[PDB]
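Notes for the one structure printed next.
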Amino acid sequence: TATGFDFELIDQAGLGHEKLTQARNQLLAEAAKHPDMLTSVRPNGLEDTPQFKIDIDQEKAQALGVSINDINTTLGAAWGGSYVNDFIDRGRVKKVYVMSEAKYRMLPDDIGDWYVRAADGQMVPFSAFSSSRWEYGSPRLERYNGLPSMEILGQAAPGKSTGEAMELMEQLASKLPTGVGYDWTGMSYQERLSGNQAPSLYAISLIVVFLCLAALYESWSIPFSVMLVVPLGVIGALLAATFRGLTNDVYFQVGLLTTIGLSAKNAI
Amino acid sequence: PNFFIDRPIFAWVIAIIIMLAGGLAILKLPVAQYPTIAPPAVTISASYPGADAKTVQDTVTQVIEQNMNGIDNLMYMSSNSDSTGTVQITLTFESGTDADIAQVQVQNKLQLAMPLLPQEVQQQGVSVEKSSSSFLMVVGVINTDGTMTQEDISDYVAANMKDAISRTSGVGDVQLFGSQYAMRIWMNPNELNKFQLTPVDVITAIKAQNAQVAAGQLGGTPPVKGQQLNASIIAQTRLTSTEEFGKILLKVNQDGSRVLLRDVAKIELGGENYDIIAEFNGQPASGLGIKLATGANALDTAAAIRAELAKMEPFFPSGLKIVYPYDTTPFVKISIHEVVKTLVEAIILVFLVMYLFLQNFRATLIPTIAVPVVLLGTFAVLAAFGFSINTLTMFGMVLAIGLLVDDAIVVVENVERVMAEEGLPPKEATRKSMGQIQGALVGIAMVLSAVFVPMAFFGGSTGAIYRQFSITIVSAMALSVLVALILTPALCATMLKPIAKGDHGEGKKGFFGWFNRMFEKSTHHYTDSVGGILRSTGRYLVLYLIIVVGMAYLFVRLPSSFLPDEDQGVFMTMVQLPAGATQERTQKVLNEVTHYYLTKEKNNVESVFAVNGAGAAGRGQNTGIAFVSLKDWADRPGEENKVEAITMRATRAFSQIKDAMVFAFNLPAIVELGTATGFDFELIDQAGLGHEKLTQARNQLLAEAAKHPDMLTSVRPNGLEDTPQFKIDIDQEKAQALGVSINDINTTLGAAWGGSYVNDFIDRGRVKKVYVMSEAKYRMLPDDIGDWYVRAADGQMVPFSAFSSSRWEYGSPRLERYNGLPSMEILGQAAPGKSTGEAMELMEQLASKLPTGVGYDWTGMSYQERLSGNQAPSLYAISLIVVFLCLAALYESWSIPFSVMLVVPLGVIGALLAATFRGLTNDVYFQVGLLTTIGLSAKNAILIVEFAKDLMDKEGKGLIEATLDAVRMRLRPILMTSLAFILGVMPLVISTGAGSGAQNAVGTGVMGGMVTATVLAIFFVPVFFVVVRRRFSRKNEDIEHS
Amino acid sequence: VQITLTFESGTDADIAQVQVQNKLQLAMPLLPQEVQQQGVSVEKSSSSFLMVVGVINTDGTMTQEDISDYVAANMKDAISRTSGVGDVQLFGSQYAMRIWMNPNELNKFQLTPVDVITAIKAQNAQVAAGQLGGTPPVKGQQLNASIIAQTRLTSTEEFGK
Amino acid sequence: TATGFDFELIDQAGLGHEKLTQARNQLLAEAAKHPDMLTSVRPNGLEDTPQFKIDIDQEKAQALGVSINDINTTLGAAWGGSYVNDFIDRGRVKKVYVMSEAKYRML
Amino acid sequence: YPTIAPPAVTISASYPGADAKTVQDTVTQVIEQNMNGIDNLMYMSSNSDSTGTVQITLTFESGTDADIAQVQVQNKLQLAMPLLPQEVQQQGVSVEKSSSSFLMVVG
Ligand SMILES: CCCCCCCCCCCCO[C@@H]1O[C@H](CO)[C@@H](O[C@H]2O[C@H](CO)[C@H](O)[C@H](O)[C@H]2O)[C@@H](O)[C@H]1O
């Protein structure tokens, strides 16, 4: 979604909707204290809007001779709408929609102007069965691995590089509720993956050219003598990368592997 | 090749690198029980709640037998239109074809049949599933302090287990044992007769009144200008408790006392089904059945699933403790340790021989160094081949130790001795040894690869089983041979000490066994002796004919197998109550069984799992199942405490002292197999007939094949026999008069006695079903037909006794199919001592002689085993023909490979002989053993015969004297190797504990085979060789060639 | 209606064909109901007939429709299931219960087609049954037996009556 | 089948069956006018045959107290036919069809 | 770039007007329950949504073959299939292998 990451904040425990929301605004407000590492820290999801509850009381209408199906459907097709059948426009199939007009469906009182025809032949106002209130609700509930989560979106401050901001993220996600954890997905997921490889590729590949060297062109000491050369290759690649403004990424890794490469050739 | 002799470190690099290739190839290497062995099948099932046999066959089943036409890799279609509403079609497919291909093909050919379903199915789905019966696990859930009962456990099971524990790293399929909660509404026909109300008005009540609904939106799009608000309409909402459902309005009386559902019927948050009952040691329990994941480890599915269950275990309710009645894990954990263990012993024993013969610390160590580089590096050969290190393949390794060390060993000997016969420096005498015995090692490579390959190209489950050894012992072979071109030769020249010409060691040490002379003294006896026989050939020709012949007769009188039987730490006993009995009598049997195990075998049994309601043939209150788990293997000693005698005395206990057929038994090794001497005859109705006629055919034929005690065996049906059904024919005339509506009569009859799935509600935050069934007592006794009244069009009720005739006819409750057409499952077998196919010939002759629409056809076990049948002779003729031509090749003739081929009988006659004594069987493990024996025999003959012909040629010596020299100098190695083998293989041979059926089976055939092979070949081969060559060429002669 | 989708050569055949049928069900619920009730068959197929086996009656005393029935009664269930067959066009037709409405004799008795339909629908079906001693029963209970119900018809008699 | 084709003229703007019929005719005559490039330029298929509209005056039926739904389904099951239920012949399922009789739907 | 991102099958449907927790715990996590046994899964993303659109995005390991994925997974959903709504099941339901990256948008 941006520069380096898409921090995913994961629910693991059995805590709650409210409380978690409080823990995260806690983090998004707790991080505004870092201009030397972060910039444009923003939240992901839809929060919680005002909902308009309309309870229809079945008894009062179950007398009056109006049928429930009819009242439901009319309320619907009025403010939602309906797919009936299909027609043939210009030589192409399309849908058919029957919804109310505009002005009778923007404000609650317009409910009034709506009457349901009973079994006898007289209409009934909704104000004959509908209590109405202002309560609250959520629209779109986010998850990561099926469980409640929030992507604290961000980019690194204009002060160069992307990963230091991610490591600083790892320091933010510490001081919050018992059951509130951290993970990376997408751009920084792989930045978890191409990062903590440093021990393994070098645990292995270093041992391999060692034996490759004691091999076809023989000896014991020859791989040691040549192998002391590896630091000499890096300290300049490290020296330069710092001097310019870069970061230990992939391109620096291939940059490195390559550099130790020609260098080992030479001592070879 | 020779080249790496003068690059010792380069060699070293190959050694330490390959050993590491090993360790890295081990740490993340997969382990299973066996390799994925069984042919894959996909099954289709559907649920038609309340239907009868003819119904789920005739509404769901037959419209299907018509619309999923055209899936590839067609094979066969077996089906059950259960008279419980389940319809189940198992397509069992051709071995090793890719499953998933089938699976999607089918799921998208049912959606062709989908509108052509009934609508209660159509709303309740149809499932297509790749399938086995191989439960990795059955995990029980119980509460200790009687806190919850089966439906509570079941509900929690469905709400708190199946999404987060099955997130654990290592898991395939999940299956719940019990029933999910559903809103259970129990209608009383009295309190429903009262207010003239019937199920339909109730149906319509809960349906219309209980849901979410099409809302709409304030500021709906497209709104109109000026607008400064956008917001969502809420509406009629689905319900939540048992409370919100009693308060539901059905009809208001004119007096004003409204009638809610709470009145006419009873309300509990209940189960979606009350078929099967799950008892953990009698106490209430509900369970889970788990299958392993797609290339996943069994033991890590175990580490993570059991860690996961332990992660929700305090976060479980009170008393709620998880249980493990059924795991196939410790059997495997312990299988592995026992097999490594034997291998460890094998290593140490081999090394012992290796010392107590070579007696030089650094020379005795070189071939000991020989072993890790070879195995560890073989694991590297496996990690790259995409198969798994299971019991069997790693068994191929423990078995392979012999064909490993043999080469390396021979070389250390040949060098040590040449160094005793030419005096040259370590490296040079070595060089000569390597250049002269190249043929020994490349030869063995040529023929063992030649004998273990032909099996890999075999078919079936047993064939794949073979694939595993092929690769292990051949990789082991080739690498041991190839280490013998890079590793062993450089290790030979370099880490080995230099000898002057003729050092011999004879009684040149006292405390360390003068021993060597004896060997040397003895080989004089040996050597003069071969000469003695060489002088007098005819005798030895004849006696050979003896061994051959004996080998033959004896081969016959050794009985086959498909795999050995295994104490798995877990076995089961199943229950069967006579037709139409109820759940109650069965439950009597389950806890009575539980008594037997916790009492008269109290010490052995740890936990019983009693299942009431569906067992073998199908689902059905009269049918039961028990999982009996034992205390860990360490605490079960004797003959009496192991699965065998336990099963024996269990079924002994129950057969003659009960009214019901109830049998205890032990599960196979392989979690699905050919039932050996036998079949599962499918009797196919082809002509326009019907169920009555096939059944009469079952009578006819079960009478026709059971009347031959000399060919046929176990004429029995597998299924449930013919049950009592109660036809209630409604005479429509009368009701088309009285003003009652047919839909009203039907759906009321249903919702009363079967029941109806009507709507959905939301318990605890999870959607579940809403069920309205009548109550117990108003639809359990025939007499209750009465208490039910239909509200007419005018307004008064009618009894069912106003239109309903009522009788008892016959039907089978489990309707079978074979390819969409009417069929019947006759399981059957050949006499214990008749081949199964002979029984196929006489059974086909009876079931041929049956009415036209009663035919014969094959399914399951006897199917594949019919097409892929007449081939084993051909491939082992190949393993042999590859032996004869490949070694005719490494040398350069014909007569010279014959002399080495003469040894296989000396080898065979030993595997029969030792095995026959024990009681083992010409199955697979004895077969792999047999091949290996062939290898051994030809190996040794390679040793001797190679040296004699070489001399004959290139130094031109005389036959008899050359055979004698070879025979003399090669005695010593032949013996070293062979002792290493017998002693290495031994532990397997006598070990008890996991799979010892396996260990013993490999071991015995292999051991006895090796013994007679050598202890006879070292006296026959030189006479094989001499006479064989004496009928080819003219001049020479007995060669002097300078 | 026959819609033939021709795929890129050497493509996975079956993967294609199946992909097709799980895109049949995005458009399938909003289909006509006379169709949905008369099935649609999606079948991987050549662009021509590979083979035709004929069947005839020796004494000729069978009609196209008779022979055709026999085909449908003993063989043509697996010919579309051989691991290489798409649609088979059956030369004939399997039997159907044929009710031939007489429009005079229908004006006679105050009934029209609509009434004939709802008539035969309702009169001809299986029915939601149940079980004597149904589960879960109560103690002492000693019976479980199959409730049969009205059964769909079988003869020419059941359909005239 | 040697050197040839299977030309598809696809209607793209949405001018319905008629304009397509005529464009194709225009074309089919336009290719018969070049024997120095084409041979057997023929359309493959069927042309436009005589069809018989039974246009319903819904009104006359909307006073008269008849329900249209039934009227349709009657014309249908009469001259087309109707798949209604399934039955069991000799132990094997088949279909249930109610179509008019022969002589009562041919002229 | 190469096939870099882990493979996901997305399911989307319309339940016109429903709420967040219905389409989260009736429509979304109602499938992810039989999604035990997936080949090479990396992570799981999901939407409830309050306009009637419901989204279940199941995400697997790079190169784990898509067509293959929809194989095992559309057939692991079509096993988790019973706990979703039927008003969902009647109006346009898509199972489609997905990225979230418009390769292009043409105006
Ligand atoms: C357990 C029962 C079966 C196991 C026995 C299988 C055979 C292995 C035993 C070999 C040892 C006895 O072998 C017997 O003594 C020696 C050496 O072999 C030979 O005896 C020889 O003595 C002189 C020596 O010139 C004769 O000229 C001639 O060469 C031969 O008669 C053999 O002809 C044999 O008859």
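Residue numbers (the UniProt record's numbering), protein chains in the order written: chain A, 676 to 943; chain B, 2 to 1043; chain C, 88 to 248; chain D, 676 to 782; chain E, 35 to 141.
We treat Cβ as the ideally placed atom computed from N, Cα and C, and that holds for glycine.
Just tell me which of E866/B, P874/B, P1023/B has its CA closest to the CA of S96/B. Indexing the second sequence from 1 puts residue 96/B at position 95. It is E866/B whose Cα lies nearest to the Cα of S96/B.
With a 10 Å radius around its C-beta and 16 neighbouring C-beta atoms as the bar for buried, classify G514/B as buried or exposed. As a position in the second sequence, residue 514/B is number 513, starting the count at 1. Counting Cβ neighbours within 10 Å, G514/B comes out exposed, since fewer than 16 surround it.
What residues in its chain sit with their C-beta under 6 Å from that of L695/D, if we drop five residues either side in the sequence? As a position in the fourth sequence, residue 695/D is number 20, starting the count at 1. If we look at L695/D and ignore the five residues flanking it on each side, its Cβ neighbours are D686.
Report all residues from its chain with a CB closer than 7 Å to the CB of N194/B; omit the five preceding and five following residues, and keep chain order. Mapped onto the second sequence, residue 194/B falls at position 193. If we look at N194/B and ignore the five residues flanking it on each side, its Cβ neighbours are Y790, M798.
Tell me whether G1010/B, by its Cβ, gets closer than 7 Å to a heavy atom of ligand 1. Residue numbering aside, residue 1010/B sits at position 1009 when the second sequence is read from its first letter. Flag unset: Cβ of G1010/B not near ligand 1.
For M774/D, which residues in chain C fall below 8 Å Cβ to Cβ? Along the fourth sequence, read from residue 1 onward, the residue named residue 774/D stands at position 99. Within 8 Å Cβ-Cβ: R185, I186, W187, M188.
Determine the DSSP secondary structure at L251/B, reduced to helix, strand or coil. Locating residue 251/B in the second sequence gives position 250, where the first residue counts as 1. In the structure shown, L251/B sits in a strand (DSSP, three-state: E or B).
What does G751/D reach in chain A if we use C-beta pairs closer than 8 Å? Your numbering for residue 751/D matches position 76 in the fourth sequence. In chain order: nothing, as chain A lies at least about 17 Å away.
Measuring alpha carbon to alpha carbon, tell me which residue in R818/B, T860/B, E607/B is nearest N282/B. As a working note, residue 282/B is residue 281 in the second sequence. Here the closest residue by C-alpha is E607/B.
Whose C-beta lies closer than 6 Å to the C-beta of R792/A among residues of the same chain, with five residues either side of it excluded? As a position in the first sequence, residue 792/A is number 117, starting the count at 1. Answer for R792/A: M798, listed in chain order.
Candidates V644/B, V57/B, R653/B: which alpha carbon is nearest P669/B's? Residue 669/B sits at position 668 when you count from the first residue of the second sequence. Selected option, being the one with the closest Cα: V644/B.
I'd like to check one pair, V43/B with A114/B: are the Cβ atoms closer than 8 Å? Stepping through the second sequence from its first residue, residue 114/B is reached at position 113. Stepping through the second sequence from its first residue, residue 43/B is reached at position 42. Cβ distance not < 8 Å, so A114/B and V43/B don't count as in contact.
What are the boundary residues of the beta strand (DSSP E) that includes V43/B? Residue 43/B sits at position 42 when you count from the first residue of the second sequence. 42-48 is the extent of the beta strand (DSSP E) around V43/B.
Where the stretch 125-142 of chain B meets chain E: residues whose CB sits under 9 Å from a CB there: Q125, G126, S128, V129, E130, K131
Taking only three categories from DSSP, how would you classify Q213/C? Counting from 1 along the third sequence, the entry for residue 213/C is found at position 126. Correct three-state label for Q213/C: coil.
Hey, how far is the Cα of residue 1/B from the Cα of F982/B? This structure gives no information on residue 1/B, because the portion of chain B shown stretches from 2 to 1043.
DSSP puts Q104/B in a beta bridge; with which residues? Here residue 104/B corresponds to residue number 103 of the second sequence, with the count starting at 1. BP columns for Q104/B are empty, so no partner.
For ligand 1, I want to know if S133/B counts as a neighbour, meaning its beta carbon is within less than 7 Å of at least one of the ligand's heavy atoms. Stepping through the second sequence from its first residue, residue 133/B is reached at position 132. No; taking the cut-off as 7 Å, the Cβ of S133/B has no heavy atom of ligand 1 nearer than that.
Measure the C-alpha to C-alpha separation of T302/B and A409/B and round it to an integer number of angstroms. By one-based count along the second sequence, residue 302/B stands at place 301. By one-based count along the second sequence, residue 409/B stands at place 408. Approximately 41 Å, taken between the alpha carbons.
When you check each C-beta in the stretch 195-222 of chain C against every C-beta of chain B, which residues fall closer than 9 Å? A209, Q210, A212, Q213, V214, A215, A216, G217, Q218, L219, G220, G221, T222
Which residues in the same chain have their Cβ closer than 6 Å to the Cβ of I935/A, if we skip the five residues on either side of it in sequence? Position 260 of the first sequence, counting from 1, holds the residue named residue 935/A. So the qualifying residues of the chain are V905, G908.
In chain C, which residues lie with their C-beta within 8 Å of the C-beta of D681/D? Within the fourth sequence, the letter at position 6 stands for residue 681/D. Those do not exist, as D681/D stays about 12 Å from chain C at its closest Cβ, beyond 8 Å.
Between which two residues does the alpha helix (DSSP H) holding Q733/A run? By one-based count along the first sequence, residue 733/A stands at place 58. 733-739 is the span of the alpha helix (DSSP H), which, as asked, contains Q733/A.
Output the distance between the C-alpha atoms of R653/B and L137/B, rounded to the nearest integer angstrom. To locate residue 653/B, count along the second sequence from 1; it is residue 652. To locate residue 137/B, count along the second sequence from 1; it is residue 136. If you take the alpha carbons of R653/B and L137/B, they lie about 29 Å apart.
So, does the CB of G755/A fall closer than 8 Å to a CB anywhere in chain E? For the purposes of this step, residue 755/A is identified with residue 80 of the first sequence, where counting begins at 1. Interface residue, yes.
Locate the beta strand (DSSP E) running through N613/B, then write down its first and last residues. In the second sequence, counting from the first residue as 1, residue 613/B sits at position 612. Looking at the DSSP string, the run of the beta strand (DSSP E) that includes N613/B is 606-615.
Would the beta-carbon of residue 1/B be found less than 7 Å away from any heavy atom of ligand 1? Since the first residue shown for chain B is 2 and the last is 1043, residue 1/B is missing from the structure and cannot be characterised.
If you follow the alpha helix (DSSP H) that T343/B is in, where does it begin and where does it stop? If you number the second sequence from 1, residue 343/B lands on position 342. Note, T343/B: alpha helix (DSSP H), 331-359.
Between the C-alpha atoms of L350/B and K940/B, what's the straight-line distance to the nearest angstrom? The count along the second sequence starts at 1 and reaches residue 350/B at position 349. The count along the second sequence starts at 1 and reaches residue 940/B at position 939. Approximately 21 Å between the Cα atoms of the pair.
Whole-angstrom C-beta distance between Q112/B and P116/E, which should lie under 8 Å: Against the fifth sequence, residue 116/E aligns to sequence position 82. Against the second sequence, residue 112/B aligns to sequence position 111. That pair is no contact at about 15 Å.
Just the C-alpha distance for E839/A and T748/A, rounded to the nearest angstrom, thanks. Here residue 839/A is taken as the residue at index 164 of the first sequence, counted from 1. Here residue 748/A is taken as the residue at index 73 of the first sequence, counted from 1. Each residue's alpha carbon lies about 57 Å from the other.
What three-state label does DSSP hand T624/B in the structure shown? The residue you call residue 624/B lines up with position 623 of the second sequence. Strand, per DSSP.
At the level of alpha carbons, what is the spacing between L690/A and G854/A? Within the first sequence, the letter at position 15 stands for residue 690/A. Within the first sequence, the letter at position 179 stands for residue 854/A. Between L690/A and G854/A, the C-alpha separation is close to 7 Å.
Under the three-state reduction of DSSP, which class applies to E947/B: helix, strand or coil? Along the second sequence, one-based indexing puts residue 947/B at 946. Here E947/B sits in helix by DSSP.
Check whether the stretch 172-191 of chain B touches the stretch 152-160 of chain B, taking contact to mean three or more Cβ pairs, one atom from each stretch, closer than 8 Å. yes
Roughly how many angstroms lie between the CA atoms of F196/C and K770/D, to the nearest whole one? For the purposes of this step, residue 196/C is taken as the residue at position 109 of the third sequence. For the purposes of this step, residue 770/D is taken as the residue at position 95 of the fourth sequence. Cα to Cα, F196/C sits roughly 27 Å from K770/D.
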